[PDB]
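Naming: A, B, ... by sequence-line order, numbering from 1 per chain.
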Amino acid sequence: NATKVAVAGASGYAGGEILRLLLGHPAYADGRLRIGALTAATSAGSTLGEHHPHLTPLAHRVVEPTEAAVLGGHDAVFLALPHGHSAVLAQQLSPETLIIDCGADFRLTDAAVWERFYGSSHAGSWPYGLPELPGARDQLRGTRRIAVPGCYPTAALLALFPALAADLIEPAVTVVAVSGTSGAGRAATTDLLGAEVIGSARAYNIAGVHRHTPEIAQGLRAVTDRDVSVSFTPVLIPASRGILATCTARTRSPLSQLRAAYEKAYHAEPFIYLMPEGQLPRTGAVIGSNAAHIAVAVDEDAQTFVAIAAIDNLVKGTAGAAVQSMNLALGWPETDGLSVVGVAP
Amino acid sequence: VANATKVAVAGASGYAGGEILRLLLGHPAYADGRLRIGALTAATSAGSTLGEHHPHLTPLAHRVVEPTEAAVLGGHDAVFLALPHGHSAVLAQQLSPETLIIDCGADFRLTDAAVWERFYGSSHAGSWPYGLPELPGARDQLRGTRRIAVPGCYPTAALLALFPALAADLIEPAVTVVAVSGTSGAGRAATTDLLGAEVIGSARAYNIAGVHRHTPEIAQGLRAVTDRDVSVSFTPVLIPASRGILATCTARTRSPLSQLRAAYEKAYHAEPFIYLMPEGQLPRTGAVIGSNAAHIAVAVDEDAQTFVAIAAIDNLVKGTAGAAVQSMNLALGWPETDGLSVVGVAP
């Protein structure tokens with residue numbers, strides 16, 4: 001009253017998307033939320049329009065250096081750096097400031113797993129910003145700390161958790177997830193160039209080396225008592241946004257039981273849409289929305305459960321999750337600023 | 001060995017037909033006068049010119065499309081039935097039986113009548129030599145054949161990715177394949193779901209959980225290399241590209257990576273179209289577009305006790321028309337690589 005919000009990493013894709021959502025948030029329109037300092041590690045002194053020409057209402061804002069002093073004096077701070085490490089910065093801010101970290105530093109609950117995959121000391125763990133996971137909403141209500149999930153784990157966990165929690169599939173899961181290129185971030189490399197990406201698909205970081213692998217495992221372990229294993233293969237495709245996760249696991253359960261488990265899990269979840277029978281998700285349908293579209297099936301011959309989930313990697317996969325969780329932290333309606341209606345075609 | 005081979009293409013106006021024609025135009029036997037391009041036919045559009053369907057094929061743009069009828073297809077030494085999604089048993093029966101008949105469709109691919117009837121809803125017609133020369137035993141069946149059943153595009157990628165590991169008994173026979181495909185694999189019949197505005201910027205799985213008809217075709221090729229009971233979980237995913245398949249293929253394993261790599265070396269070291277990626281490299285469909293190559297890498301996820309094989313092909317070349325031409329070369333006693341480059345057109 002009013003809630004003054006800073007965004008660190010404002011010039012990146014996640015930062016831009018948080019800002020897009022905040023501009024459309026009812027708390028912004030009625031004055032209860034103010035957009036304050038917009039910061040970046042380089043390009044201080046540049047204007048936001050130079051980075052985000054779609055954000056014309058903020059085009060004139062001058063980007064400031066990312067430092068604790070600049071971020072101080074805000075009620076909420078988004079650390080909009082999904083690929084960055086914000087433990088050092090986060091430690092300099094008050095426990096009473098709401099910090100929403102888009103990065104990985106506070107996602108994991110096992111220090112040994114952290115050290116193995118990230119090669120640094122474990123900073124700790126904050127409430128995980130996936131409100132639909134069992135128990136997660138309770139953790140987020142009134143929190144002043146949020147660790148936003150990775151984009152791929154968001155899709156895979158939404159696809160898989162209801163089946164595993166109901167003990168209807170085996171705990172060895174396979175996930176092959178296609179993703180648009182914005183999930184790779186805004187740092188220019190030759191491999192992310194348009195000419196390279198357009199008209200091509202490639203798997204990367206395969207066979208368990210992708211850092212989101214243990215993150216999927218952690219979310220699944222939380223809903224079962226069994227040893228979880230995850231085979232996760234990400235595939236870059238020629239789209240700017242979207243993740244379509246194809247998730248499989250062996251099953252002994254009939255389709256009717258699995259379908260019922262998903263209906264029960266998601267029937268009162270405003271962002272999670274279970275496809276009518278005979279329809280399947282498409283990433284095009286969710287772009288620009290905070291929705292996840294989910295369908296499930298059983299391959300009887302292969303004794304295999306198949307779950308498909310589509311999300312916008314930048315919305316439900318990143319910035320939408322961040323805002324959704326922010327709403328919960330602040331006691332605002334969870335759906336504020338977050339449409340379920342995709343911008344298609 | 002063939003010396004004058006006049007070729008017809010039935011279904012010339014579709015993607016497979018256009019690609020066969022592209023390859024024939026670039027074939028050394030075309031340039032030296034041994035391979036001659038005859039009748040080009042389609043079910044509708046007779047009287048139109050080829051350029052109205054395939055503006056890339058300018059040397060043939062003026063050719064007039066003829067009706068797909070046995071009488072028109074007569075007097076050709078080879079006939080490509082270039083309908084990957086069609087059923088050509090009826091037409092094939094009408095051709096002079098000495099003709100080299102190369103069917104891009106499914107009617108002669110499968111070897112189990114009950115499986116055929118289950119997935120295709122008709123009586124099994126039988127089987128012809130499968131046009132995937134790199135599969136164990138396949139090349140021998142193609143030499144001098146007058147009949148070729150061209151493989152489906154997805155089975156091509158999945159079988160190349162998986163067969164060496166399974167043949168060596170180094171992975172479990174329950175396999176998972178999630179394959180991304182450009183939209184040309186769905187064919188050229190105009191539907192809303194295949195419209196540019198729909199496909200651009202979107203990805204979707206389709207025909208999931210064992211309903212896709214390429215599922216039993218993958219199973220069949222795998223059953224040929226093992227005595228174990230094979231199962232296949234196959235999910236195809238359409239992505240916003242015109243061409244390419246990237247198949248991600250997995251199965252449980254407890255075998256060292258080095259033994260798996262040795263199986264791929266054994267299978268592919270003398271196969272000119274199959275490229276095993278250098279260490280630290282992975283396939284990309286961009287690298288094989290417009291080539292007859294498959295690029296393959298393998299890995300082991302130790303924590304998940306899972307083998308991962310990635311295969312990239314151009315769905316229209318190694319997945320369709322290149323397979324057809326490769327098999328044609330074998331049928332006619334011509335060098336297998338004739339007209340078929342391993343070099344992709346990238347970016």
Side-chain angles (χ1 to χ4, degrees), chain A residues 172-180 193-204 206-209 213-214 217 229-233 235-244 246 248 250 255 280-285 287 295-306 308 310 344-345, chain B residues 174-182 195-206 208-211 215-216 219 231-235 237-246 248 250 252 257 282-287 289 297-308 310 312 346-347:
Chain A
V173 307
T174 295
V175 177
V176 177
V178 297
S179 174
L193 289 182
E196 291 299 299
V197 166
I198 288 164
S200 189
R202 68 186 170 88
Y204 64 100
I206 70 167
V209 307
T213 305
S229 65
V230 175
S231 166
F232 168 59
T233 307
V235 180
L236 277 196
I237 59 158
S240 298
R241 299 174 176 232
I243 287 165
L244 190 87
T246 293
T248 68
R250 293 288 302 273
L255 181 55
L280 292 173
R282 65 192 66 204
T283 55
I287 298 310
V296 300
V298 171
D299 188 329
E300 289 172 39
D301 285 357
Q303 298 174 69
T304 295
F305 172 69
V306 182
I308 311 299
Chain B
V175 307
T176 298
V177 176
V178 180
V180 297
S181 179
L195 273 161
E198 294 301 308
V199 298
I200 291 162
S202 187
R204 65 185 172 89
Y206 67 101
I208 70 168
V211 310
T215 306
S231 60
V232 183
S233 167
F234 169 61
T235 308
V237 177
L238 290 166
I239 61 157
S242 57
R243 292 177 179 234
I245 293 173
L246 189 83
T248 295
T250 69
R252 176 174 170 86
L257 175 60
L282 292 173
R284 64 191 70 197
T285 57
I289 300 312
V298 305
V300 173
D301 185 330
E302 286 197 290
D303 286 4
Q305 297 175 354
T306 296
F307 173 66
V308 184
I310 311 300

How many angstroms lie between atom OG1 of A:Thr213 and atom CG of B:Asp303, to the nearest 0.5 angstrom?
9.0 Å
Best-contacting candidate, B:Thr235, B:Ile310, B:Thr248, against chain A by heavy atom pairs under 4.5 angstrom:
B:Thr248
What I'd like to find out is whether the side chain of A:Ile237 reaches to under 4.5 Å of the side chain of B:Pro240, using heavy atoms alone.
yes
Which residues pass the side-chain contact (heavy atoms from CB on, under 4.5 Å) test with B:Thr306, sequence neighbours left out?
A:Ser231, B:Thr250, B:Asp301, B:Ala304, B:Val308
Select one option (side chain, backbone, both, neither) describing which atoms of A:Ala172 are under 4.5 Å from chain B's heavy atoms.
neither
Would you mind telling me which of A:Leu244, A:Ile198, A:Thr174 has the largest number of heavy-atom pairs within less than 4.5 Å of chain B?
A:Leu244
Looking only at heavy atoms, the pair that brings A:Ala203 and B:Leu282 closest together is O-CD1, 3.5 Å
Where does A:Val235 contact chain B at under 4.5 Å (heavy atoms): side chain, backbone, both or neither?
side chain
Max heavy-atom pairs within cutoff under 4.5 Å with chain B, candidates A:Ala201, A:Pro281, A:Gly242, A:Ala295, goes to A:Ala201
Between A:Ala310 and chain B, which part of the residue has a heavy atom less than 4.5 Å away: side chain, backbone, both or neither?
neither
Given that the side chain runs from C-beta out, which part of A:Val178 has a heavy atom under 4.5 Å from chain B: side chain, backbone, both or neither?
side chain
What heavy-atom pair brings A:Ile206 and B:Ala299 nearest, and what distance separates the two atoms?
CD1-CB, 3.8 Å
Looking only at heavy atoms and a cut-off of under 4.5 Å, which of A:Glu196, A:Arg250, A:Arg202 has the most pairs with chain B?
A:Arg202
With chain B, the option among A:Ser229, A:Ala239, A:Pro345 that has the most non-hydrogen atom pairs under 4.5 Å is A:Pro345
